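Throughout the sequence shown, residue numbering follows full-length UniProt numbering, covering 23 to 448 in sequence.
A virtual CB, placed ideally from N, CA and C, is assigned to each residue, including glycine.
Some notes on the structure that comes next.
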Amino acid sequence: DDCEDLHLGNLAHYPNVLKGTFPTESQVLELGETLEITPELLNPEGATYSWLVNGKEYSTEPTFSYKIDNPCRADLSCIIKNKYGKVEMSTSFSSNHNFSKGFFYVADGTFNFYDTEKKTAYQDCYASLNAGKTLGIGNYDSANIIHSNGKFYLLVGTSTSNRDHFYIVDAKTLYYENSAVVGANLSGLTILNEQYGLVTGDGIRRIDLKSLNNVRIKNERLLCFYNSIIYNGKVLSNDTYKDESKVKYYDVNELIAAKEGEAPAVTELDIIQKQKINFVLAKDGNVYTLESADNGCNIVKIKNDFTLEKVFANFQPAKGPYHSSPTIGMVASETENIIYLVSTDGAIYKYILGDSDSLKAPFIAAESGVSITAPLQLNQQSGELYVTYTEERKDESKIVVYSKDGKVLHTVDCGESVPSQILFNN
Ligand SMILES: [Ca+2]
Ligand SMILES: [Ca+2]
Ligand SMILES: [Ca+2]
Ligand SMILES: [Ca+2]
Ligand SMILES: [Cl-]
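Structure representation (structure tokens):
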């Protein structure tokens, strides 16, 4: 087979890459694996390489080595150049990861993933899966996310006007879908249904969850739904972080139909609030919130007909001092008649609907000089409670994952960056 058919003397002078020495199909690797591509040149003398990861030059080496140490997806090009010509091959690579095997946590202005099976944290999964895209959440900015319709709807509360404030991120994959401008200093987000949401902060804005156009329905300086919920065709809102205010509700259909400036009717419920507190849908099918009282708080049951049942809790609820400080929110179980809530000392109470005895002592005791600085989250499949703690004196935050029985299962070190929210991909 000496000199017969194809040989070097008849195959051009630009780089000649041997077949199969560069992937012809998209690569899928496990977390921890390394992608290695070593193109073999028939004529390698004087050749130079350029490896582009998502269009950005990563290497000039004749062999590509890239550790898949984070959930990612990337486009890969290889430009091989010599005196006589330039050749370019392209492929793509991604990690074989499962975002069902743990939870996302919003810290240092991005989506981070913690695997409860591997006990491993992956920082800034949003960038590595979206070609370096950022969500632009600065230190003095807020991230308000609602997981609905299999999407993460993010509202950035920022003083910058000419930037995207509202983002749609796929909840299962963490893939960016769309984003748009709404307005500066807007930190109140409500998802009404599959088609519409509400953005509050300077009154009420309806946002179309497909086109991302918004209509300013009500214009009221500093009017913000710090917390809200959809219940029996109404939007229940918490619009205070300090001042005495009552829970107010709006009609979902009136909010959907309202034209620019047509402020909708607002009705008050006999629920005095003097701080940020959320609304939780409990296993009894009712909505619960808290009412501010002199020597504690009241766990308020909001029935379908919007009548109220109130149970006194001899403890003050956890609170942040500023407009920017997040809601130290409650969390309800979907499988048990339970609500977890945080006292002002950093203790967790497990309220058992209808039984006021469950409020006589904390479920999880407080630790001195340690406070709970984010809303509670619960894993509805295991019953695991995710609590965000901050050591006041050193500014070191952690996510502690407790079992149904209150035993520590995981500790996620977050350092100087406080996680604001915990999300699931399902
Ligand atoms: Ca190697
Ligand atoms: Ca109605
Ligand atoms: Ca009892
Ligand atoms: Ca850890
Ligand atoms: Cl609209």
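Within the same chain, Cβ atoms closer than 6 angstroms to the Cβ of residue 194 are found at 447, the five residues on either side in sequence being excluded. A distance criterion of 7 angstroms places the beta-carbon of residue 236 in contact range of ligand 5, judged by its closest non-hydrogen atom. In this structure, the C-beta of residue 255 approaches ligand 2 to less than 7 angstroms from one of its heavy atoms. Residue environment for residue 282: exposed (fewer than 16 other C-beta atoms within 10 angstroms of its C-beta). Linking residue 275 to residue 266 through their CA atoms gives a straight-line distance of about 28 angstroms.
Secondary structure remark: continuous alpha helix (DSSP H) runs of at least 4 residues inside the region 100 to 172, in chain order: 147 to 150.
Listed by position in the chain, the residues whose beta carbon lies within less than 6 angstroms of some heavy atom of ligand 1 are 58, 87. Residues of the same chain with a CB within less than 6 angstroms of the CB of residue 439, apart from the 5 flanking positions on each side, are 129, 130 in chain order. In the structure shown, residue 387 adopts coil according to DSSP, grouped into three states. As a beta-bridge residue in DSSP terms, residue 95 pairs with 116.
Scanning the UniProt domain "Bacteroidetes PKD-like" (44 to 94) for uninterrupted beta strand (DSSP E) segments of 3 residues or longer gives 49 to 51, 56 to 59, 70 to 75, 78 to 81, 86 to 89, listed from N- to C-terminal end.
By the criterion of at least three beta-carbon pairs nearer than 8 angstroms, the region 187 to 202 is in contact with the region 151 to 171.
Distances taken from the Cβ of residue 326 to the heavy atoms of ligand 2 include none shorter than 7 angstroms.
Each residue's CA atom was taken as its position, placing residue 378 and residue 350 some 21 angstroms apart.
Going by DSSP, residue 398 is part of no alpha helix (DSSP H) at all; its letter is neither H nor E.
Where residue 277 is concerned, the enclosing alpha helix (DSSP H) starts and stops at 274 to 279. Residue pairing by DSSP leaves residue 446 without any beta bridge partner.
Within 7 angstroms of the C-beta of residue 275 there is at least one heavy atom belonging to ligand 2.
Cβ-Cβ distances below 8 angstroms link residue 48 to 113, 114, 115, 116 in the same chain, with the five nearest sequence neighbours on each side left out; the list follows chain order. The Cβ atoms of residue 268 and residue 299 lie no closer than 8 angstroms to each other. Secondary-structure assignment with DSSP links residue 440 through no beta bridge to anything. Listed by position along the chain, the residues with Cβ atoms less than 5 angstroms from a non-hydrogen atom of ligand 3 are 377, 379. Assignment of beta strand (DSSP E) within the region 261 to 317, counting only whole runs of 3 or more residues, yields 267 to 273, 289 to 295, 309 to 315 in chain order. Look at residue 230: its beta carbon is less than 7 angstroms from one of the heavy atoms in ligand 5. By the C-beta density criterion, residue 25 is exposed, having fewer than 16 other C-beta atoms within 10 angstroms.
When the five nearest sequence neighbours on each side are left out, the beta carbons in the same chain lying within less than 6 angstroms of the beta carbon of residue 356 are those of 402, in order along the chain.
Residue 378 sits in a helix when the DSSP states are folded into three classes.
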